[PDB]
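Analysis of the macromolecular model
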Amino acid sequence: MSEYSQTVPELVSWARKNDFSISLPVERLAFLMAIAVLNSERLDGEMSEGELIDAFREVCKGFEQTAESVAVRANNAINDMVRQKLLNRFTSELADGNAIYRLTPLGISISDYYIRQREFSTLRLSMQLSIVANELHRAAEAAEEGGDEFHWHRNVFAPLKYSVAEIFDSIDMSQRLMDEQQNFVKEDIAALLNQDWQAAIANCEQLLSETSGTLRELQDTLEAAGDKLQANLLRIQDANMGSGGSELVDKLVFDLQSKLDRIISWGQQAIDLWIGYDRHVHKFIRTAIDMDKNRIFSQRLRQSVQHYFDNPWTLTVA
Amino acid sequence: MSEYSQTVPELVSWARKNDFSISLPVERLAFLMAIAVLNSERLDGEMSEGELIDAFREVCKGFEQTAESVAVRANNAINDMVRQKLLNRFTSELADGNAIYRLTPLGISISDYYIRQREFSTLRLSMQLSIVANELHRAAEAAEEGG
Amino acid sequence: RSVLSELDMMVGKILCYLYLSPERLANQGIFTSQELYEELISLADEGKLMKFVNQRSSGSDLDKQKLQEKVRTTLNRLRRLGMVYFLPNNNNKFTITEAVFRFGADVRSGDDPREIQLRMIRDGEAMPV
DNA sequence: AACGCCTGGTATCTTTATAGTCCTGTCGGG
DNA sequence: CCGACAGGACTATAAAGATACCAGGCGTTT
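Let me sum up the structure you'll find in this document. (Residues numbered from 1 in each chain as written, not as in the entry; some residues may be left out. Chains lettered and ligands numbered in written order. Part of a larger assembly, values for the part shown. Heavy atoms only, no water.)

Around DNA strand D, the neighbouring residues are A:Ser69, A:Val72, B:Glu68, B:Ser69, B:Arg73, B:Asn76, C:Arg72, C:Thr73, C:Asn76 and C:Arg77. Restricting attention to atoms of DNA strand D within 4 Å of the protein, one finds that 100% of them are sugar or phosphate atoms. Note that a phosphate oxygen of DNA strand D is positioned 3.3 Å from one of the side-chain N or O atoms of B:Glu68. Within the contact set of DNA strand D, a phosphate oxygen lies 2.7 Å away from a side-chain nitrogen or oxygen of C:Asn76. Where the surface near DNA strand D is concerned, the elements lending two or more residues are α4 (70-83) of chain B together with α4 (61-80) of chain C. Counting residues per element, the surface near DNA strand D draws most heavily on α4(C), which supplies four residues. For the surface near DNA strand D, the class distribution of residues is one nonpolar, five polar and four charged. (Near = heavy atom within 4 Å. Polar contact = N/O pair within 3.5 Å; in protein donor to acceptor, adjacent residues only side chain to side chain. Helix = DSSP H or I, 4+ residues; strand = E, 2+ residues; numbered from the N terminus. Nonpolar A, V, L, I, M, F, W, Y, C, P; charged D, E, K, R; others polar.)

Right, let's talk about the pairing of strand β4 (residues 99-103) of chain A for a bit. In the case of a regular strand, side chains alternate between the two sheet surfaces. All names here are of chain A. By the alternation rule, side chains of β4 split into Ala-99, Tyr-101 and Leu-103, which are all buried, and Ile-100 and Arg-102, of which none is buried. Looking at chain direction, strand β2 (residues 47-48) and β4 are connected through two bridges and run antiparallel. Looking at β4, one finds that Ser-48 is bridged to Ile-100. Pairing of strand β3 (residues 87-91) with β4, which is carried by five bridges, proceeds in the antiparallel orientation. Counted as the bridge partner of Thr-91 is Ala-99 from β4. (Buried < 20%, exposed > 50% of the residue type's maximum accessible area, 1.4 Å probe, protein only. Pairing = 2+ DSSP bridges.)

Bringing the protein's contact with DNA strand E into the picture now. Around DNA strand E, the neighbouring residues are A:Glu68, A:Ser69, A:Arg73, B:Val72, C:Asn54, C:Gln55, C:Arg56, C:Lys66, C:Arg79 and C:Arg80. The share of sugar and phosphate among atoms of DNA strand E within 4 Å of the protein is 100%. One of the side-chain N or O atoms of C:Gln55 is found 2.8 Å from a phosphate oxygen in DNA strand E. One of the side-chain nitrogen or oxygen atoms of C:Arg79 is found 2.7 Å away from a phosphate oxygen of DNA strand E. Looking at the surface near DNA strand E element by element, the count peaks at three residues for α4(C). Residue composition of the surface near DNA strand E, grouped by class: one nonpolar, three polar and six charged.

Across the contact, 35 residues belong to chain C and 19 residues belong to chain A. In this assembly, chain C packs against chain A so that about 3,000 Å² is buried in total across both faces, 69% of it on carbon and sulfur atoms. If you sort the residues of chain C by the area they bury against chain A, C:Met9, C:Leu43 and C:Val107 come out on top, with a joint share of 17%. For the pair chain C and chain A, the interface holds zero salt bridges. The tally of links between chain C and chain A comes to twelve residue pairs in polar contact. For the side of chain C that touches chain A, the secondary-structure elements that each account for two or more residues are β1 (2-3), α1 (6-20), α2 (33-43), α3 (46-49), α5 (113-123) and β5 (126-128) of chain C. In terms of residue count, α1(C) provides more of the side of chain C that touches chain A than any other element does, eight residues in total. Of the residues in the side of chain C that touches chain A, the class split is 20 nonpolar, six polar and nine charged. Bridging between strand β5 (residues 313-317) of chain A and β1(C) involves two bridges; their strand directions are antiparallel. Paired with A:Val317 across the two strands is C:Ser2, which belongs to β1(C). (Contact = heavy atoms within 4.5 Å. Buried area = accessible area lost by both parts, 1.4 Å probe. Salt bridge = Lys/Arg side-chain N within 4 Å of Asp/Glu carboxyl O.)

Without other data, these values stay purely geometric and don't point to any function.
Below, the structure is given as structure tokens:
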């Protein structure tokens with residue numbers, strides 16, 4: 001069963017019928033982040049209504065807002081978060097009516113995107129590939145040992161669905177993180193070239209080399225493990241075909257193979273895109289540096305185009 | 001270093017200064033989900049600008065909207081998603097100016113919360129606990145080996 | 001008397017740098033609209049310049065093609081002013097002339113930009129916006 | 001016919017006003 | 001302290017208008 005059991009039109013109809021929406025203003029988003037932070041500092045992962053109100057008061061202070069009706073404003077905000085599925089509320093008779101609050105998977109995912117400082121790591125990738133390699137190897141040995149539907153479900157399907165698939169998703173998220181990092185570096189290089197292009201040449205070459213080495217190191221790691229992971233997926237597929245199959249295991253193995261191909265393909269594509277940019281920046285720097293030789297107008301005219309909008313002027317014509 | 005290096009007042013000051021916010025009405029959320037579904041059916045994990053516009057047209061049809069300005073509305077929606085950090089855009093000179101799009105970790109997390117039918121599996125937990133037990137055991141053996 | 005548009009100035013100063021560039025002198029003066037466009041986006045702030053084509057532009061291809069068509073339009077106006085000559089049989093390629101140096105009137109002397117600008121407006125060469 | 005320019009329309013967003021909703025305060029009474 | 005009564009503030013939504021952004025029409029030039 002495709003993870004997304006619904007076609008695009010069906011999904012659109014379903015979404016329209018359920019009326020799902022996200023609206024995160026600066027103050028509410030700050031309050032969510034404050035709640036996420038406060039929850040992370042606690043031993044029980046639970047927050048009382050009074051503690052949430054105190055957190056809202058701090059946000060309001062931080063926004064320099066009026067102290068009037070803060071208890072109401074906080075209740076409105078708490079009800080809005082619950083109504084938006086960001087917080088789960090537990091009302092127990094045993095708690096004398098005091099409600100207990102916990103953040104939902106959604107409220108956490110949103111708060112973590114902003115607060116969690118996410119940067120790409122090869123050690124992490126190497127570890128993840130090592131674990132998945134061991135999990136796939138065990139699942140392949142279990143598939144080759146053969147067995148009943150219980151053996152195939154517990155020793156082959158459960159590891160593939162609840163362990164291998166999750167690690168592949170983590171690898172993909174790390175790749176998507178690396179993609180954001182590249183776009184950030186391009187913006188920094190443009191800023192360095194606009195401030196002082198002559199002094200920025202060494203810094204730009206360092207940023208280009210550090211990013212390139214990282215992309216290549218990543219790809220070398222994926223390629224080394226990718227062949228072993230594919231061989232184990234094929235061993236499982238061959239063992240499944242030999243033991244009369246299971247459509248559930250075949251579909252799951254096919255999905256994992258498709259993800260692995262995507263994970264391997266992404267690295268080569270990212271390298272090609274980075275190379276195009278790297279060549280362009282080197283060509284630009286060489287053109288800026290070396291082709292003006294008395295070196296008189298390069299600076300004189302480039303700075304005028306770069307900063308025109310600080311003093312826009314226009315010529316006159318008959 | 002605490003995963004969240006900033007105290008609540010510092011975070012509030014920082015958030016206020018960066019002016020962070022998220023706006024995904026039903027149509028935009030549906031479009032994001034449609035993009036997420038379309039990306040999952042592909043072999044390269046990449047989407048072109050024309051494919052995103054076709055996806056937006058289907059959402060608009062599904063919302064029974066006017067076919068007027070759809071290419072403009074789709075561009076505004078695509079720019080909004082990029083501006084809201086949901087999509088990464090790659091503009092390569094090698095691609096004759098054609099931009100390539102990929103969903104960000106954020107855009108994926110949000111779409112998956114709604115589309116992925118997540119139900120609690122005991123087997124999954126048993127498996128996860130097995131992997132962490134092996135990873136912790138290896139890390140403990142490595143720590144005891146010293147170095 | 002009339003004044004040129006700021007987009008005309010961007011294309012004018014870029015055509016000026018292109019004329020000077022010894023790196024492209026081997027072309028014997030023949031340039032292509034695509035090369036001009038590529039040089040322009042290499043130097044100016046692409047996303048901030050896009051604001052003039054449309055107030056909502058954020059890097060969409062439709063907006064990038066609209067920018068290219070605006071450039072095609074302004075370049076045709078400069079051809080009428082005598083600043084550039086299209087090839088006899090191919091309209092995607094053209095040749096520069098020395099008249100483009102008037103776009104450098106704000107920097108030909110290495111002095112205070114404000115004083116230069118004042119001098120120019122006093123002489124009737126250029127107006128602000 | 002296509003490109004360039006203008007005019008008006010359509011979409012989007014903002015502003016402005018109104019009305020609601022709840023809170024707060026006061027007073028009186030219990 | 002409760003309960004009543006109004007008044008004000010705050011918040012939200014509606015209404016209206018403007019502004020942007022494109023398209024369509026029209027006019028000129030290749």
